[PDB]
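A single chain comes next, written as structure tokens; it is the form deposited in one PDB entry.
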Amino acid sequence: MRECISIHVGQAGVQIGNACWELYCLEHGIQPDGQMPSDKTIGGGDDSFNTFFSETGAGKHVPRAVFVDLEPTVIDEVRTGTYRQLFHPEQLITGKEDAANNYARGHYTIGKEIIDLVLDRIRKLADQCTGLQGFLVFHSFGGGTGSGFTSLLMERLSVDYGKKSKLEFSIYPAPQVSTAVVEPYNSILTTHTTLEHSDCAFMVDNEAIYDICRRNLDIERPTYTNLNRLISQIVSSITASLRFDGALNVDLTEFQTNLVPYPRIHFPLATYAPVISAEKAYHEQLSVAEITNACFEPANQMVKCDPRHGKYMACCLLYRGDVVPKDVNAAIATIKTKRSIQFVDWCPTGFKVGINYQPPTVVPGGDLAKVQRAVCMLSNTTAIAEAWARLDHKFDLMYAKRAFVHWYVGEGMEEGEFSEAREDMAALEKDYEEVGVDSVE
């Protein structure tokens, strides 16, 4: 068999997981009570695919996931909402008090004596899985739970299980927009610990999706329940080869092998095909060439970094729906012919290809439209150094006066732990500046 545990951490991850499972249940045929009348009407098939859903003898389907926030105001919606009867009642809140946007309480003061429950449920949900494996952590750089608890959980799972494919679909801080005056510290503090243990972390930024959603979907007044659905579509395009049958499959370790040349440069970007609204679904072809040419378009990128100031170390293209390989190959050749998409000379191959047949679903009451084909890009480029050069500057302004630091030392943390965590990120930036240079023989 094959399996993938999904862990959600914080209020970013929960609100994302809700959307992801709203999509998964509708893709497979499960309704919120766990049952599946689709099987009872059809009478066969593994459509209740066992990568994400464990199955009891009573016909129920309970999903392989945990989600934690250290404050019950969020998850208690799940213990009251539509998906009450689906998820296991072990949704490990221990939220007597929140992490207050500091890594200091998420890593030690309100972290210790609670993570043991998480690791216990992970042991209980791994021994039920005799198959391919790999974990998906959904968190946000910038919170006290998305930073410290994540850095605490990964440094333990890298002992307990070890040689497994761990992944992180993490929210990223926007340059201008930000809903906190402390994310510059939490970001780099989390990157220090989650740069050795993790294997490939995909990053997404709220500002990019906001700027997309009005340009294409014609929404001038968007919310968090209309970006979290696109995020779920990305996760589904990443996790579909495990579930559905296809012409050319790509599994969890393959993303880790293609897109991570060195151990430390495992932080790529993501895209989809959202030039697709309900009215603009007509008036348009939605071929393979047109959709794949939305890859290199910065207006459709989901992280704020113009790739034209950098080069592509690697790229991966996962296609859903009715797609034929020669269309993908013509797309790749038309891309390589151009000169705006620079490629590192140590990667003439560049691309992966992955094809599956089941098209994406339409989460009803939603913005996206029914399609016959969908595409996802995962791109490791040297441009994102700029997207860090801002953060490491912000640090260097507010760490000059030692500002917002007594709240962190007050919850057990060193004042020399930020100087030691900011001397590693500059080395990473220097690494990106090193690999991007072409060799002179």
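Throughout, we count residues from 1 along the sequence that is shown. The term rigid core refers to the maximal set of C-alpha atoms that superpose within 1.5 Å between the two forms.
There is another form of this protein, the form deposited in another entry, and it is not shown here; the text below is about that form.
Relative to the superposed core, which single residue of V181, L195, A281, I115 shows a CA shift of 2 Å or more between the shown form and the other one? Residue with a C-alpha shift of 2 Å or more: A281.
Given a core-based superposition, decide whether the C-alpha of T94 shifts by 2 Å or more between the shown form and the other one. The answer is yes; the displacement is at least 2 Å.
Taking the rigid core as reference, does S241 move its C-alpha 2 Å or further between the shown form and the other one? Moves: yes, 2 Å or greater.
Aligning on the rigid core, do we see the C-alpha of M36 shift 2 angstroms or more between the shown form and the other one? Yes: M36 shifts by at least 2 Å between the shown form and the other one.
Is the CA-CA spacing of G365 and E279 tighter or wider in the other form than here, given a 3 Å or more change? Distance between the C-alphas of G365 and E279: shorter in the other form, by 3 Å or more.
Sense of the change in Cα distance from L92 to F87 in the other form - at least 3 Å versus the shown form: It is closer: in the other form, the C-alpha atoms of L92 and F87 lie at least 3 Å nearer than they do here.
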